[PDB]
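Take a look at this single chain, the form solved without the ligand, given in structure tokens.
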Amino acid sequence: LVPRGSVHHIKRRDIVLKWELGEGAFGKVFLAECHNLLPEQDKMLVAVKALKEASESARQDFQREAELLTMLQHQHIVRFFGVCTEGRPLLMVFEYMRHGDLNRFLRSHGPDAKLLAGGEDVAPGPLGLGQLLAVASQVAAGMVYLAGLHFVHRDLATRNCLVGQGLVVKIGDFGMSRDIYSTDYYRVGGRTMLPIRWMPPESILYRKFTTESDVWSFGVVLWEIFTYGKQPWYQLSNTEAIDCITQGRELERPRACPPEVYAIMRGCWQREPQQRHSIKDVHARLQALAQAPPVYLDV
């Protein structure tokens, strides 16, 4: 009996399901049309998560999620619109992000990309330095918001951010990353899967998760943005990656990454959590560098 959320609700008949976009063990994601959702456009595309169970307990999580989603609303958090409980499966309703998750969007603009990439809103091939820094700065802004609420994300990585038209980037995901990117997790338990390569030593050694462990993961986020989505320590097994983070070894500067960005990343990776700059500090330095992109080019 505490104060509680209030989720907008939505008529199943108002949701016309186009096709599947993705699938995890617990969920399918669809592209869909939603009518009279926002009253100044009739039709509009949305991303609709459908839950695979209605099981007594799997039901009360869906609400507890819906509440929390409704409460976190911010410009770089993916927009949640609300839900539909009128019959089965349950549907959650988000804005649709044309370009998918940031890790995929990065790889599709990699100079290692197999094929070019289209889109009115961004050039194919690799991205301007100002594009990378704006992608960065935008994820940092979601992270400033969350940290302002004192929420800890615990799984920040580009696979868990999403990219919209015009290269708008927002933290958000549909709970399926362990299915869709299962190699980016180490199974330590039975059902327990850790994003090891994005963790700080104190998360790995003490299982302590903080604002500051999120800022470390952010440094790893900048490193992925600058390698065009490569996995950190990809030469290494999960056990070797653990040995690294744990013995103090740090990822190498990517060759797209100017030294001032490598510096920021490096302040995220201080062994001692308190020696790490706040996400506010980082977001300022990244913005300042997005509006005024250093002149770079490589060896």
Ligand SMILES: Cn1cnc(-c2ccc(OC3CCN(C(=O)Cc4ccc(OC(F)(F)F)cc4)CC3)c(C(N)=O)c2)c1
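All residue numbers are counted from 1 along the displayed sequence.
Note that the form solved in complex with the ligand isn't included here; everything after this is about it.
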{"query": "Pocket accessibility when the ligand, as posed in the bound PDB entry, is superimposed onto this form, judged at 2.4 Å from backbone or C-beta", "finding": "blocked"}
{"query": "Which of 230-238, 263-271, 248-256, 44-52 sits within 4.5 Å of the ligand in the bound PDB entry, heavy atom basis", "finding": "44-52"}
{"query": "Interface membership of residue 78, the ligand in the bound PDB entry, 4.5 Å heavy atom rule", "finding": "yes"}
{"query": "Residue 202 within 4.5 Å of the ligand in the bound PDB entry, heavy atoms", "finding": "no"}
{"query": "The ligand contact in the bound PDB entry: residue 284, any heavy atom under 4.5 Å", "finding": "no"}
{"query": "Residue contact check: residue 100 to the ligand in the bound PDB entry, 4.5 Å heavy atom", "finding": "yes"}
{"query": "Whether 107, 132 and 222 all lie within 4.5 angstroms of the ligand in the bound PDB entry by heavy atom", "finding": "no"}
{"query": "Selected contact from 136, 171, 91, 215, since only one has a non-hydrogen atom within 4.5 angstroms of the ligand in the bound PDB entry", "finding": "171"}
{"query": "Position in contact with the ligand when the complex is considered in the bound PDB entry, options 196, 127, 84, 146, heavy atoms within 4.5 Å", "finding": "146"}
